[PDB]
Structures are given as structure tokens and as C-alpha cells.
Amino acid sequence: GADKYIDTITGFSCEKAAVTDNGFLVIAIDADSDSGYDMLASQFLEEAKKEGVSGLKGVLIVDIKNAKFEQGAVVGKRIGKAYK
């Protein structure tokens, strides 16, 4: 699963992250803008796969300042995205 990867990037290259039930890796950053982070999403997706995280549909970037992490889901505007 993704726990080891998440535990390596948390507080390193993002503030919080989680895999959601629908198969996305959601990464929360201290964003200055409310859109435009697709390139970051693609870099994270590539890195997650390089570190052996399987089964991801994609990476979603959200702003730590407004996202709400719940069990199995993250609520908030996606400020960047990348698909498998």
C-alpha cells in the first residue's frame, strides 16, 4: 500500500497526504494559488510509482488551508491533478 510512501513525504514535500477509497493519492500543500498545480501532481504520481506504490488512479493536489481529510475521502478544491 501507500503508507510507507505517505510517511516519507509527509512534512517533507507536502503537509499531509492520503489515499482515498476511489483510488487517488491526495496531497495537501501550502499553496499560494487556487489552481495550476498539474505539473506537481504529475511529479508526485511518477515518484509514488517509482517507490512502488501500485494501483493509483492519479494524484490530486489540494491546499492544506482548506482541504478536509476524512476516512476514505478528502473534501476540497483540487488545485492540480495527474492521471495514471
# chains A, B, ... in the order shown; residues from 1 in each chain; ligands from 1
>>> residues_around(residues="residue 59 (chain A)", least_positions_apart="2", cutoff="12 Å", atoms="only C-alpha atoms", output="PyMOL selection string")
chain A and resi 17-20+22-28+37-49+53+55-57+61-62+78-84
>>> select_by_dssp(residues="chain A", states="strand (DSSP E)", output="number ranges by chain")
A: 16-19, 24-29, 58-63, 68-70, 73-75, 78-83
>>> residues_around(residues="residue 63 (chain A)", least_positions_apart="2", cutoff="12 Å", atoms="only C-alpha atoms", output="ChimeraX atom specification")
/A:14-17,26-37,60-61,65-69,74-80
>>> select_by_dssp(residues="region 34-72 of chain A", states="alpha helix (DSSP H)", output="list in words")
residues 38, 39, 40, 41, 42, 43, 44, 45, 46, 47, 48, 49 and 50 of chain A
>>> atom_distance(atom1="CA of residue 8 (chain A)", atom2="CA of residue 50 (chain A)")
13.4 Å
